[PDB]
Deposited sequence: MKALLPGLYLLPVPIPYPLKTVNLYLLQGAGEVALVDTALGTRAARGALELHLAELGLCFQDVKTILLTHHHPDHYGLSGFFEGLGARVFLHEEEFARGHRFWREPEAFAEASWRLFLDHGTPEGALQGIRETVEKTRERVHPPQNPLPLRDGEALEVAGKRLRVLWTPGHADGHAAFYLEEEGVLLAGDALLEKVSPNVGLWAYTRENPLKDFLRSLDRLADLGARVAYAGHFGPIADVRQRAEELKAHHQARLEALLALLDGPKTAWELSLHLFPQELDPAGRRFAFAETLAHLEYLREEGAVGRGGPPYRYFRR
């Protein structure tokens, strides 16, 4: 129990992060989940056992609050919805990451072309899609809106970057931030440029870190790894981290290079590619780099 009626629920995931952190809220006769893991036997089983420990079934969870559309957070939302749960998702996900799951053919060609144009040589995504149960009627959340959930009051903080409609949930009185993947303690959360992403995802991400830095939160519980005791400090560390990565990427451009080959050294794979692309497009917008093609080869001015 992180607070009375607020519980950390670690769930195994078949991705390099290995474990996703879900948050269970119980109170005032209500039960809610922040994030849902995904449809594997190991993930479903772990979540069931967690709920059982609290005396609950899947069917007891009537409210779902999603930080973002990534499979490790969004994967079981449609399952819970099928049992009668109400699913909440930030509005900016709807035409992007949410559409990606709902309409497999909406971004398919662009997704592959983005890889190919940026030097990727000739699916795990299909395996992922099989583990994802998209909600049919999710309700759009808005930045700054206030939710009364299980006796607690949560402020919706739109924090784009890691995902377009990424939302953190902030308990203002307690100063407790449910950060999702906008902030992590050990590594940087991915900032990837995908076919459905906003124009400059890294710029969004750094502005989101600024927003969280000035928030005044007393503690952050994120989507992965351990608790974050000093939120401003970690936000400032992730700022500095990406500044170092930008400098590192500039150094790697000793000649014209593709995003694929660059991603091997900037990250000594799919996520590495998208992150590298995000950093390149940030640099290009600033004018620090240019590109020929397609096939795109980036160079340092």
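Peer 1: Which parts of the deposited sequence lack C-alpha coordinates?
Peer 2: Going by the record, the segments left unmodelled (no C-alpha atoms) fall at 1-2, 125-131, 278-284.
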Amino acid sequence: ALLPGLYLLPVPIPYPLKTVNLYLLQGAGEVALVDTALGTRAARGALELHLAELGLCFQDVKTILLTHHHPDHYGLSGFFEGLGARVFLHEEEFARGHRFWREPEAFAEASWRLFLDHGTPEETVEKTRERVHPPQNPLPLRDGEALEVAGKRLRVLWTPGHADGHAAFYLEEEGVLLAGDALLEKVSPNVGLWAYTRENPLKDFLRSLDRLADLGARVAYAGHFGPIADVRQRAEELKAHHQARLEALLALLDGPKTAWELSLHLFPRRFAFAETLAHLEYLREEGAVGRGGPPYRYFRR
From here on, numbers count along this sequence of modelled residues.
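Peer 1: Comparing 112-120 with 141-149, which stretch shows the greater average C-alpha B-factor in the deposited entry?
Peer 2: Comparing averages over the C-alpha atoms only gives 112-120.
Peer 1: Using only C-alpha atoms and the B-factors in the entry, which stretch averages higher, 71-79 or 96-104?
Peer 2: That would be 96-104.
Peer 1: At the C-alpha atoms, which of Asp181, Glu130, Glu174, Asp164 reaches the highest B-factor in this entry?
Peer 2: The record points to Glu130.
Peer 1: Looking at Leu17, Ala278, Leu24, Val289, which has the highest Cα B-factor in the entry?
Peer 2: Highest CA B-factor of the listed options: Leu17.
Peer 1: Could you look up the Cα B-factor of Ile13 in the entry and say which third of the chain it sits in: lowest, middle or highest?
Peer 2: Highest third - that is where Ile13 ends up once the chain's C-alpha B-factors are sorted.
Peer 1: Looking at the temperature factor on the CA atom of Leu154, which third of the chain's modelled residues does it land in?
Peer 2: Middle third of the chain for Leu154's C-alpha B-factor.
Peer 1: Taking the chain's C-alpha temperature factors as the reference, tell me which third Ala43 falls into: lowest, middle or highest.
Peer 2: Tercile = highest for this residue's CA B-factor.
Peer 1: What third of its chain's C-alpha B-factors does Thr36 belong to: lowest, middle or highest?
Peer 2: Lowest third of the chain for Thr36's C-alpha B-factor.
Peer 1: Which third, lowest, middle or highest, does the CA B-factor of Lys203 fall in along this chain?
Peer 2: Answer is lowest: the recorded C-alpha B-factor places it there.
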